[PDB]
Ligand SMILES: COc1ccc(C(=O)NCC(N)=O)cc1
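First, one chain by itself in structure tokens, the form deposited without the ligand.
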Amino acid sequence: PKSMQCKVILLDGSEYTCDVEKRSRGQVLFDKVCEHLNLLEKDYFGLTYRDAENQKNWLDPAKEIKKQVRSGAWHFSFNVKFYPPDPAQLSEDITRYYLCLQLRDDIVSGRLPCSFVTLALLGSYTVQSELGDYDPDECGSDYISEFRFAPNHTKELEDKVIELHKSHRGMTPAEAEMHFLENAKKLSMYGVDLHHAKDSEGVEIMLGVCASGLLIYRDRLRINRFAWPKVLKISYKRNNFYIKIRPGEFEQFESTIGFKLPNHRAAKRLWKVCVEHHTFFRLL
């Protein structure tokens, strides 16, 4: 029975290696990674891989791994797929821990923009969880943490992390991770998956996929939002993506809104993530 080596980058930056049978469905690999992580609340997570166009794709757990990675390496990342709007309602501290690890990468990477003060507050909770109580022996006036807090580090940010860290004495790791999440969940780009697109006029926009629906970002003052319950049908055709909106009260007709994506693969990828969000957040 022939097996393929899988390499999975974990949220702590380490690499998990295992073997699966070459005809294995994605769920097989996911279940092994989740067992390695001691993770029971698995529904919020998934594996990503890079396609031949180097685009991030979710590994479909119902489909053969070989039919998704195709010509590419069996190399994957473990990631948050569905960002819970209220992390306090998760049943296990370890779920909140992996969510914190994902959000730290969202922040450092610039995917999750954040004010100075929120960067410093999130950093201070990470330091409290991982090192415990502030110690002045491991931090003089010139201290720079090993922890990555932001897409661009400044001395002023390091100073502010330490000032807030001092305020958290006695705080336990689950308590600090909960505080981290209570702040992170309020950021305007929390759990927003962004897709470059053009509107039916050719104007460049972003489409954001998240718990609260499909968001359209246009010119700054011009942004729209379609809550999932309002969306009856999601479809794609060639380079185009379509949402069918419920008729408004007393309106005779449904309305169909169309967008242009970079290529057919990008339209199909946006369709699949929208359908998956629509199903998940309908049930959660």
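Only residues modelled in both forms are compared. Numbering starts at 1 and runs along the sequence shown. Rigid core (definition): largest C-alpha set, two forms, superposition within 1.5 Å.
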Would you tell me which stretch averages the higher CA B-factor in the PDB entry, 234-242 or 36-44?
-> 234-242
210-218 set against 104-112, stretch whose average Cα temperature factor tops the other in the entry | 210-218
Looking only at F82, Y190, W74, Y143, the Cα with the top B-factor belongs to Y143
Thinking about Cα B factors across the chain, which third does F226 belong to?
-> highest
Where does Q55 sit by CA temperature factor within its chain: lowest, middle or highest third?
-> highest
Going by the recorded CA B-factors, say which third of the chain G123 sits in, lowest, middle or highest.
-> lowest
Comparing against every modelled residue in the chain, figure out the third that the C-alpha B-factor of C139 lands in (lowest, middle or highest).
-> highest
Compare the C-alpha B factor of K198 with those of the other modelled residues in its chain, then answer lowest, middle or highest third.
-> highest
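The discussion below concerns the form solved in complex with the ligand, not included here.
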Answer with yes or no whether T279 is in contact with the ligand in the bound PDB entry, where contact means some heavy atom within 4.5 Å.
-> yes
Heavy atom to heavy atom, is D43 within 4.5 Å of the ligand in the bound PDB entry?
-> yes
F259 near the ligand in the bound PDB entry, any heavy atom under 4.5 Å?
-> no
Check whether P247 has any heavy atom within 4.5 Å of a heavy atom of the ligand in the bound PDB entry, and answer yes or no.
-> no
Residue among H168, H153, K160, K81 with a heavy atom within 4.5 Å of the ligand in the bound PDB entry | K81
Contact set, 1-33 vs the ligand in the bound PDB entry - heavy atom within 4.5 angstroms | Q27, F30
Residue ranges moving between the shown form and the other one (criterion: at least three consecutive CA positions shifted 2 angstroms or more, core aligned) | 220-222
